[PDB]
Structure formats: structure tokens, C-alpha cells
Amino acid sequence: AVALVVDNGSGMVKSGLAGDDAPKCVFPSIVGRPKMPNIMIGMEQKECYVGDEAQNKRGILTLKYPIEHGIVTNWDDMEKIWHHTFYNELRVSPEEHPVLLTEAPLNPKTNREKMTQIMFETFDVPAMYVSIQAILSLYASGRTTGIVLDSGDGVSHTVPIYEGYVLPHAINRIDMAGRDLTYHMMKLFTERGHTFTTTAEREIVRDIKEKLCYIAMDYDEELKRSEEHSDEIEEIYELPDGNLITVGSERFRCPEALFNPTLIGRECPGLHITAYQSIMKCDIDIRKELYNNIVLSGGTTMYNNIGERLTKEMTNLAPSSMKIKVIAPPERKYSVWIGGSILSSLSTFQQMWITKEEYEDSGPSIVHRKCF
Amino acid sequence: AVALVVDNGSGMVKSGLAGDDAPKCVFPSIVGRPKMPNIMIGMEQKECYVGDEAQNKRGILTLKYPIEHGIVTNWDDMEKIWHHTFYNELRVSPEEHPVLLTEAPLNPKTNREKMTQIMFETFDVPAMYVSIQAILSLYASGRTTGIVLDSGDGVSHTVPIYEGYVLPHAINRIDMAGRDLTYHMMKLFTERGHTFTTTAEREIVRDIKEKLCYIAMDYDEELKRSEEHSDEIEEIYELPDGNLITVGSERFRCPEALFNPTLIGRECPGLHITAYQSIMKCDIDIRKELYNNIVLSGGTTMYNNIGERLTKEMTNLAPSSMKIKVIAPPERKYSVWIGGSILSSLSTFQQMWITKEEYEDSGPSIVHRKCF
Amino acid sequence: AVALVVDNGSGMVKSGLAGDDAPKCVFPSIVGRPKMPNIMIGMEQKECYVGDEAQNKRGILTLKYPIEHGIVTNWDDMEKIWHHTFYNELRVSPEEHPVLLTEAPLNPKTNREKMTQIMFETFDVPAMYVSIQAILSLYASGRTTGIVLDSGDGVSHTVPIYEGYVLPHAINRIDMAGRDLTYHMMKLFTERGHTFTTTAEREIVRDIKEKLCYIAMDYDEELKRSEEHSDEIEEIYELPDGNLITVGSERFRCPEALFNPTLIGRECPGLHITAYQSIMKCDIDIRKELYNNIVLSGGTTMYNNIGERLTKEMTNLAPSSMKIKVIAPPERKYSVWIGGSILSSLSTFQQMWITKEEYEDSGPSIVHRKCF
Ligand SMILES: Nc1ncnc2c1ncn2[C@@H]1O[C@H](COP(=O)(O)OP(=O)(O)O)[C@@H](O)[C@H]1O
Ligand SMILES: Nc1ncnc2c1ncn2[C@@H]1O[C@H](COP(=O)(O)OP(=O)(O)O)[C@@H](O)[C@H]1O
Ligand SMILES: Nc1ncnc2c1ncn2[C@@H]1O[C@H](COP(=O)(O)OP(=O)(O)O)[C@@H](O)[C@H]1O
Ligand SMILES: [Mg+2]
Ligand SMILES: [Mg+2]
Ligand SMILES: [Mg+2]
């Protein structure tokens, strides 16, 4: 039977059938609830909107995210999202297809235990398997050795792998991703005169950041040019209500927080520093191959001139006799799903599944012995 | 049982059976009392005239309005008007038909409480329901999203609704309607030589205003043309006593007070300004749909070239990327009654009624929990 | 030379000499313009009234506020207000005294730039300095560590400070203050039968709110008692025209919007929630001292039983091993001015000034490098 690949994250959720080269259903993971009285008798209303319907009618809805920092806070909303994905988006019965789920490294055991319990006791799936996102990201690139720098919506992590062997003592994870960048962008916009506070305004700011941001090679030079050639940097954006907003110096000052987290008041190191620290925790003979297979993945790495900036930063830290090559292939925003689809279509993988009998006999703890 | 739709307002009262496409009995809400001695023995006189009879014999009667600014002042006259409507106009027993009444937004609770008490303890109606006029006006147009600008005889209000959800924090109401326009018309007529003071003269001036008024697209240009091409604007009107009156520049100077209330010494803003302020109090993503569904209702909006003037005024305020469409359908003077008839004929509405038992047990305050 | 302390806000403006323990001139910041024709030849009239004169003759004047949400909208009115303060109230020459101005956090740069330009190019002040209001509020209390919850007329903000170091990433600001409470009070009064629309009526409602409002410890219990013991809550107030108004349940329902902004249709969180969120954004070891130094400031915090309510609300959120102490000293409505006077009288502060030469050489942008 064809397996279901469901990559659930903080911001977006991707779902599809194992065997394709692109996800089938990509939708935001939000739950909307009405806050205004209903007075028009005759129409059929709903108590909760999930997915695109919640985003379209966000004007009269309060929006909640059931996943924060890769950890599920409310399980009812997550169960509703899973039900919507299975019964509305994919329109496939969740009882004849094995499930392949993804999880971030260094997560509490209770999250996996509850996820497995919900999958086996609510949807009654035949089999399921949970895998780390970095492994699937490395699978999607068709390589066996490299360091994966993944940056999603809530969690950014770094995982090195050498010749199919992972080094768990050199795995890094920090909670600083596109959401903090959106908050920083809102704070920067408050200095221009525009104030955004509501959830709909937050989505508008997120869209503005996605459409009109880039990474400057030299931050100081562009900052100097911002006060002298602002006409080149200014960009006009049309708000949904018809007003116009001028985005100027905020185009590159917002993504700069990745390489200097002190702007947003975070003591954690930057991205290049984290990668260098992760490389230096491995053996001496392993570092040479890791320096040449830096793979980028995640939606937060979809900016412009990011690979060149990362290469320049790594050059000033790595020894002058090494070769640094950053791998930023196109369509890398769906690399995890592609890797999961590739993994699920292998004959050797057809044995590493958690069947119903094993879960019923051993219990929910079996996920700590067969899934890694 | 067929329900009774009774829209009672300041100037006129409409009444009919739920299921028709037009009101059955439309008559002015006035109470007439004699002021001259009666010396002709042999005829059967009456102590009070209500409705058309009071208007026909207004020469020897003093006329009183029991409703002012949507608030009932004297309840005896209102009870007499209700009795006349039930027993003379409709000729139906008010004990086998549910009643559907209308009320203006932002009204005192005591008005609703006394109305419900009178309906349940005097006419002994089986069930009753009170609804806002804007909701019925939006029902009559067959829409679910829009901003309703209602202007009756004493009260003009603005209510936005988005996808069946009303925003109570963006509801406006001002006490400036056709009565102030009639007073302004009388004041303008005093400058020509004609003086009107009595109630009958007030009704004559109201008829003149109804028959010979229009809204000028450019007030300044027509004002300039008034002193140079008066022959085009002059109109002859025949008074009931046979005299002739020339209405000239007063044709467009009287309705102009809607867009500039400073003419009649009122500090409240105009109509377009009020609509724009009501639109700007909603969320950013809601404004686009509200700008495209401006619905006009009420008897005061039955002038000529009013939709074009409103569109031109809104264009200069709304952003240059929005589409403004004013909806002024024909027969809009009875839109509230049509909406009430449509609402009362729905199966889903057959449950939202205040039965006799509920009123007797809970008390008169129940109207504050089941009627909105 | 003695410095001038001028705290200009939305509602009121305070001005005095640095060295005193109380402001010298406290007057509303309104600009009045006549709207009626003048027919009495022989009297000397004025084209605009500013301050108490505008408030006394508000019957025949239209009143405008030149400051909205801590942002100056019209600069001509603000310049007139500054001229009135310097030349009429204080009666001191604005050329031999340094100026100390106050500003709210998270404000546009253009506001400060224009303020400095006006101060240096119109009044020709020798030196000036702009400071945040929270810093002065903390100075006035004689402390070094604490969280300041300031609530004025248009803007309410929260600023934590630990041992003289401010945490900019934990500063909150929302636009919800006494003006929205006045609007809510007017809306509540419309349900009793009284309608207030004009600016003079708005000032009357503001006075009623100032004189007859208090905060209920248990909102539900007092709401239940409102429908059973209204005689205890009813209060008689005398309108300027001689009529009497009964204020009953509206005494505590108006200030309740601070702890539940959903009543006035605002999605922003309440006051205790905002304070708790601001405390949780600091480091773990800093929270203990912040929980014990909650300082209240502003005119909107001059209600009754507000400290006890805030303490009770914070107790249910803070851990059961912390000590919560709300600091609400008397005369806290002028805390900002007292703090500014204390700061301006220090010898160490005699160097942090913007002289004429520095402004002339560097330009208006210098205020972004020496004032914080
Ligand atoms: N073209 C783009 N440019 C800049 N940022 C982007 C772009 N596309 C997406 N993003 C950011 O990436 C985030 C999406 O992260 P995603 O990888 O979907 O998280 P998850 O791994 O939980 O699904 C969004 O919050 C958005 O801000
Ligand atoms: N054709 C017309 N042209 C101009 N004004 C009109 C016209 N018809 C009615 N009016 C005005 O509308 C008013 C009637 O208001 P109406 O909607 O009946 O009030 P209510 O909602 O209380 O019944 C009258 O006072 C009259 O001046
Ligand atoms: N005793 C009081 N009780 C309740 N509210 C008050 C009292 N005194 C003042 N206020 C409110 O505080 C507001 C004054 O705010 P203020 O601190 O003067 O603003 P700013 O900081 O801009 O000068 C007024 O709008 C008033 O409604
Ligand atoms: Mg991801
Ligand atoms: Mg009407
Ligand atoms: Mg203040």
C-alpha cells in the first residue's frame, strides 16, 4: 500500500503520497475560533476553522497555533488538524496506509508517546514510523556525508552525519526562527509609524517579510548607503485595505538577526558560529569532509544572497587550506518531504515499521526502541 | 399560523402578513384631538382620530406624534395606534398570530421592556420577537456582508455586518432625519414671504419636500446657476386653498443638510463621513468587502442623484485602489418590512420566539437574553 | 540657570521649574476655535483659545487635541500650546533656561526630530534634552529596580528596569487609555436615556468618570448585586444646566475595561496579563526582584481599590512562592514631573545636554545619539 508522508511543523503542514516528487497539500497549521455574535439565521456556521478557511476569514476569527517550538501545546487542535488533513485535504482513509511522521532532535519523550498513542488509538493506522528531519533532508540530497543546517518556523538545528553514522554529541538546537524575525520586523515597522498588533496584521507582516527581504553581503556598507541612497532601497507594498507602505532600510535589517542574535536580545550564537562549533566537536579527520558538504534546508533559508554570505563567514573561521562549499539547491523548502518520500519507497525500509500487535503488546514505549 | 409584521417608526407605520412581497397597511402615526366646540347635536363624534382620519380632518385637530427619535414618549397614544392597526386596518385578531417588531440600535432597555409588557398583558399575543432594523434591511437584499446606512424619520444609523457577524463596536447612530429637513425647508420658505407654523402647514411643507426635491452633484455650481438661470429651477406648486407657490433654489438646498449638517446648526458629521468612520473601525481585511456592499435603506434616501453623489464623496476618501458600489434598489422604502417577512417565513426561525410561559416565569427581562 | 520641566501629554500638560516638589502650571492641551458669527462690535476677540480659556468657553468653540496616541498630528496647534505655556503660564523667557521634555517609548523618529527642530529654530532654547517617561517615574520613587506600568490619556506602556539597566526587548506599549474609557462610559450612558455627542458633553462625561468611578474586587458579585441592591450603588450628579443624573451600575463597569479589553472590542490583553508577559521576557534570576517592585504611575491609575485588585490578579498568575507588592504612592499623577525635576537637579546630569553648536554642526539627527 502507498504510504502517507505527513510533515507537520510549527508554521506549515505538508502532506502527500509516498512516490511523488512534490507535496500534494501544503497549508498553514492554525485553528480559528469566532469572536463575534452571529445574528443571521439561515446560514450553516462552523465552530472552528482549520487551514485555508481559517486564514481567509481571519478578520472575525482568533487564530491559535497548536505547535510552539516544535512542541505540541494543545492536543485537541492538533487532532483536529490531523483529521482535516486526512479526511478533507488528502481525502484518503487513514486505515489502509502507513504513516511517516517527522520530529525535531532533542525533544521530550512524552511528545512522541502521545503522538503514537493518538495515531494508534484514534485513527487506527496499521503502522507508523517517526524519523528525524535532518536524516530526511540528507536523504533528499542524495548524499551520505554532510552537515545539515535546518531552520524552520520555530526551531533551528544543526546535525552532522559522516558516511551514514550520526554523531549525537555534536547536535545543536536553538529556538530562534522566522517567528522571531517576524516580531523583529514588526518592531522595526513601529519606528516608521505603522503599528501591527492583531494576528491578521501579523500574517500581513509575515507576507511582507517573505516577499521583500534579502541578506546584505556587507551589513555596514548597506547601512551607510541606507542614509544616502534610500531611493534605491525603497519599495512600495499594497496593503489589503488599499493603503501603500514604503519598505526601506527594513529589507535587510530583519534577516540580519540570524547572523547576530543580539539584535533581538538573544544570547545564543549566530548561524555560522553554531555551524563552526558543531564541526569542531567531531574528530579531526572528519572535519575535512564536513567542511565541503554544508547542506541548507528549511523555509527560513529561502532568502537572497544567503549562500554567499555563509561561505564568506565560514571562510574567515575555517583554516585557509580548506574548501568550503555551501549547498543550497532549489525547492529546498520541501526537502524534508522529498526525503521522507524517497525513504518510504525503499524495499529495505519495509521492515522498520511499528505494527498494531507490537504496540498493543509492548506498549507506547516501543517508539523509544525502533524509531530514532 | 401566519405571523404579523408590524414596523412601527416615527413618521409612518407599516403592517402586513408574513408571506407577502409588499406591506398591506401603511399609515402615518399621528393622534388627533379636537380643539373647537361641538354645537351640531345629532352626529356621532369621536374623542380621538388615529391614522388617515386624523390627517384628513387636520384642520380642526391638534396632531401629536407618540414616537420621537425612535423613543416612545406617551404610551397611551402608542397603545391606541396599535389597537387601531390590529382591529381596524388588518382586521385580524391579535391572539392567534405571532408578532415581529422592529427597533433601532442603541435604545434604552425600558423601551423594550414596556413594549413587551404591553404586548403580553394587553393584547395577549401568543409569542413575539423584536429585531434590529438593519438586520432586516440586509435580509431583504439577499446578502450576507455589507454596511447598512438607514435613514428614517427621526433616527439615522449605520451598521456593518461581515459574513453574518455584526461588529457592535462599529455601530453609529445620530438623531438627524427628515424632520430636521422639513424644519430647514420651512425656515428657507420664510425667506421667500411664505410663513408656515401650524401642523397642517408642516404636513403641506413635508409633501412639497417629498414631491419637489433633488440632490445636486455640485452644490457650488448649482448655487451659482441659481442666481443666473432661475427660470430652469423654478417650479409651480398648488396649495390646497388654491394659491400658487414658486419653489426655486430651495429644491436642492434642503436635502444638502445631509452632507453638511452645519447648515442646520448641528455639530454631528455628515453621511459619507459617518460611513467612512464606521468602515475604518473594523479590521483591515474586512474593509475591502465593506467598501463594495454599501446598501442604502429608509425613506430619507428616496431623493434623486443620491447614489452618484454618495459614490463621488466616498471616492475622494477611500484609497484609489478600492471599488465603491452603492446599492440603491427600487422600493427600498419598505425594505425593513420585506426583510422581516422573509425572516419570519424561515423554518429555522420558528424556534426563536418568546412564548407566554417563558415571559410569565422569567419576567419582562427575558427580552434582553433572547432578542437582539 | 534653573531648568524648565515641561511634561506634555495627550490630555494634560504640566510645566514648572526644576527644583520644586510640585508642578506649577497644569492645564488641558486643547485648541478652541469659534464656530458662530460675531455681531457685537466693540469687544476684542481672539482667533483661537488655548488652555483654560478654551475649556471655559467651550459652548461656542470647537475643541481639537493636537496630540493623539502620544503622536503629534498638527504641529501648528502644538507650537501655539508651547508658546502659551512659555509666555503666559510660566511667564519666563524661553532663551535662558534649558528644556527637559518627555516622550513615550517606541515612537517614530520624525516626532523627535521635528520636536528638536522646533525647539531650536523657533524658541531658540540654549539646550534641551528628551527622556523616556518610565525612567523619570522610576526616579521619582527613589528606586533602581522595578517594573513601571504607566497609563496616561492615550498610551499605556510597561517598562522593566533592573539595577539601572533597562531591557528594551521586554518593553510593551498599547494604545488603550482613559479616552477609550470615556467613550465606553458614554456608550453605557446611552443605554439609560442620556445621549452625549458634543465635545462639551464629552468633557462632562470625563468629569463624571473622574468623580464617580471605582474598581470592584469581584466583578461578578457586584454585577449580581447591581440588580438587587441598586439603591446602595446609585449616586446623584448635577449637570451644569441644573438637571440631575443617576449613576448606578456604570460606576464599576467603565473601569473594568482595563482588565478585560474585550468589552470595548479590543483584542489586546489586559493590564495584569501585559505585566506578567513583560516580566516573563526577562532572565530567570531577575524576575524575583521585579515581582516585588511593581510601581504604578499615570492619571488612569487613580481609581479606588486598584492596587488590591492588581495584587489579587498577579497572585493567581505568579508562582505561590513569590511576594507581590504593588507600589501606588499618593500624588502619583505627577510622578513624571517630579522625576524630571529630580533628574535635572543633579550635577552629573549637567553634561548630557544638546547645545546649540552641536545641533548646528551635526544636525537634527544628533537626538538619536545623545538622548534615550
Ligand atoms: N521566500 C521566502 N523568503 C523569506 N522567508 C520565507 C520565504 N518562504 C518562507 N519563509 C519563512 O519560512 C517560514 C516557514 O517555515 P517552514 O519551513 O514552513 O516551517 P516548518 O518546518 O515548521 O514547516 C515562514 O515563517 C516564513 O517566514
Ligand atoms: N420620495 C421622497 N423624496 C424625499 N423624501 C421622502 C420621499 N418619501 C419619503 N420621504 C421622507 O421620508 C420620511 C419617511 O420616513 P420613514 O422611512 O417612513 O420613517 P420610519 O422608518 O420611521 O417609518 C418622510 O418624513 C419624508 O420626508
Ligand atoms: N481621580 C481620577 N479617577 C479616575 N480617572 C482619572 C482621575 N484623574 C484623572 N483621571 C483620568 O486620567 C486622565 C489624565 O491622564 P494624564 O496622566 O493627565 O495623561 P498625560 O500623561 O498625557 O498627561 C484623564 O483622561 C482622566 O480620565
Ligand atoms: Mg521543518
Ligand atoms: Mg425605518
Ligand atoms: Mg503621562
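Any read-out appearing in this document is the output of simple, stated calculations on the displayed coordinates, not a laboratory observation. Using ideal geometry, Cβ is built from the backbone for each residue, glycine included, and neighbour counts are taken over all protein chains shown.
Hey, what do the phi angles of segment B:17-24 turn into as Karplus ³J(HN,Hα) couplings, whole Hz, using 6.51/-1.76/1.60 and θ = phi - 60°, x for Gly and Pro?
For segment B:17-24, the Karplus-derived couplings read 9, 5, x, 8, 9, 7, x, 8 Hz, x marking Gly and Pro.
Taking GluC sites (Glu not before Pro) as exposed when DSSP calls them loop (any state but H, G, I, E, B) and at most 15 other Cβ atoms lie within 10 Å, what is the longest stretch of chain A free of them, the sites themselves excluded?
Details: sites that count: A:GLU44, A:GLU47, A:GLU95, A:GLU96, A:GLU163, A:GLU191, A:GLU227, A:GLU228, A:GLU234, A:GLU267, A:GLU331.
My reading of the result: A:97-162 is the longest stretch.
Between beta-carbons, use under 15 Å as the cut-off and find the net charge around A:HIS97, counting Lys and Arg +1, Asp and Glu -1.
Values: positive: A:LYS24, A:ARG91, A:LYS356; negative: A:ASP20, A:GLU89, A:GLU95, A:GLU96, A:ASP124.
Result for the local shell: -2.
Would you mind checking which residues have amide H under 5 Å from A:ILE354's amide H? H placed 1.01 Å from N; only 5 or more apart, or other chain.
Close amide H contacts, sequence-distant or interchain: A:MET128.
Hey, fewest Cβ within 10 Å first, where do C:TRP353, C:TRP75, C:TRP337, C:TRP82 land in order? Before the final figure, lay out each step's value.
On the way: C:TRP353 17, C:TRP75 13, C:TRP337 28, C:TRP82 22.
Listing C:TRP353, C:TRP75, C:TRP337, C:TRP82 from fewest to most nearby Cβ atoms yields C:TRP75, C:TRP353, C:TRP82, C:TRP337.
With +1 assigned to the C-beta of every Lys and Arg and -1 to the C-beta of every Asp and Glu, and no other charges, what is the dipole magnitude of segment A:47-108 about the Cα centre in debye, to the nearest 20?
Numbers: 5 positive and 11 negative charges, 53 e Å.
The dipole magnitude comes to about 260 debye.
About its Cα centre, what dipole magnitude does segment B:146-265 give when the only charges are +1 on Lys and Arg Cβ and -1 on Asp and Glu Cβ, stated in debye to the nearest 20?
The calculated dipole for segment B:146-265 is roughly 480 debye.
log10 I(q)/I(0), Debye, Cα-only segment B:248-334, no solvent, q = 0.13, 0.20 Å⁻¹?
Computed log10 I(q)/I(0) values: -0.47, -1.05.
Using θ = phi - 60° and the Karplus curve 6.51 cos²θ - 1.76 cosθ + 1.60, what whole-Hz ³J(HN,Hα) does each residue of segment C:292-299 get, with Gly and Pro shown as x?
Along segment C:292-299, the couplings run 9, 9, 7, 9, 9, 8, x, x Hz.
Between C:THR190 and C:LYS24, what is the FRET efficiency for a Förster distance of 60 Å, r being their Cβ-Cβ separation, to the nearest 0.05? Spell out each step's value before the answer.
Numbers: r = 39 Å, r/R0 = 0.65.
My answer for the efficiency is 0.95.
Please list, in chain and number order, the residues 5+ apart from A:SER131 or on another chain whose amide H is under 5 Å from its amide H, with Hs placed from the backbone.
A:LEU101, A:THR102, A:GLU103
Out of B:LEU244, B:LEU263, B:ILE284, whose Cα points farthest toward the positive end of the dipole of segment B:236-284 (charges: +1 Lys, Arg; -1 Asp, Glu; placed on Cβ)?
It is B:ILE284, whose Cα lies furthest towards the positive end.
Counting only C-alpha contacts under 8 Å and six or more residues apart, can you give the relative contact order of chain B as a whole percent? Kindly include the intermediate steps, with their values, before the conclusion.
Working: 607 pairs, mean separation 73.0, N = 372.
Worked out over chain B, it gives 20 percent.
Would you mind getting me the FRET efficiency between C:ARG143 and C:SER321? Use the beta-carbon distance for r and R0 = 25 Å, nearest 0.05.
On the way: r = 23 Å, r/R0 = 0.92.
That pair, C:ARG143 with C:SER321, gives E of 0.60.
How much of the DSSP beta bridge set in chain A is antiparallel, as a percent to the nearest 5? Don't skip to the end; give the middle numbers.
Values: 34 of 49 bridges.
Percentage antiparallel, nearest 5: 70.
Taking the inverse of the average 1/r across all pairs of different Cα atoms in the protein assembly as shown, what Kirkwood radius in Å do you get?
Values: mean 1/r = 0.0286 Å⁻¹.
Its Kirkwood hydrodynamic radius stands at 35.0 Å.
Report, in deg cm²/dmol and to the nearest 500, the calculated mean residue ellipticity at 222 nm for chain A, where each DSSP H run with n ≥ 4 adds -39500 (n - 2.57) and the sum is divided by the residue count. Don't jump to the answer; show the numbers that get you there.
Numbers: 15 runs with 123 residues, N = 372.
So the helix-based figure for chain A works out to -9000 deg cm²/dmol.
Quote the FRET efficiency, to the nearest 0.05, computed for B:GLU227 versus C:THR197 with a Förster distance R0 of 45 Å and r equal to the Cβ-Cβ distance. Could the numbers behind the result be given before it?
Numbers: r = 36 Å, r/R0 = 0.79.
According to the calculation, E is roughly 0.80.
Tabulate in residue order the Karplus-calculated ³J(HN,Hα) for segment C:273-284, using 6.51 cos²θ - 1.76 cosθ + 1.60 with θ = phi - 60°, rounded to whole Hz; enter x for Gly and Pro.
4, 4, 4, 5, 5, 5, 5, 5, 7, 8, 6, 5
Taking amide H positions as placed in the peptide plane 1.01 Å from N, state which residues far from C:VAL13 in sequence (5 or more) or on other chains have amide H under 5 Å from it.
C:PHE27, C:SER29
In debye, nearest 20: dipole of the protein assembly as shown around its Cα centre with unit charges on the Cβ of K, R (+) and D, E (-)? List each step's numbers first, then the result.
On the way: 117 positive and 159 negative charges, 291 e Å.
Roughly 1400 debye, rounded to the nearest 20.
Find out how many positive minus negative residues lie around B:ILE366, taking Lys and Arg as positive, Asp and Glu as negative, among other residues whose Cβ is under 13 Å from that of B:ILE366.
Numbers: positive: B:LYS109, B:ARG112, B:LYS356, B:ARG369, B:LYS370; negative: B:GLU113, B:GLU357, B:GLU358, B:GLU360, B:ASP361.
Neighbour charge sum, excluding B:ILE366 itself: 0.
Taking the dipole about the Cα centre of segment B:68-179, with the C-beta of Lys and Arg at +1 and of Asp and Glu at -1, give me whichever of B:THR116, B:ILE171, B:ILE81 is farthest to the positive side.
It is B:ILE171.
Which one of B:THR355, B:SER320, A:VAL13 is farthest out on the positive end of the charge dipole of the protein assembly as shown, using unit charges on Cβ (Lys, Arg +1; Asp, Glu -1) and the Cα centre as origin?
After comparing all options, I get A:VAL13.
Starting from the Cα of B:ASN292, move 7 Å in the Cα-to-Cβ direction to define the label point; list residues of segment B:148-178 whose amide nitrogen is under 15 Å from there.
Only B:162-163 fall inside the zone, counting backbone N under 15 Å.
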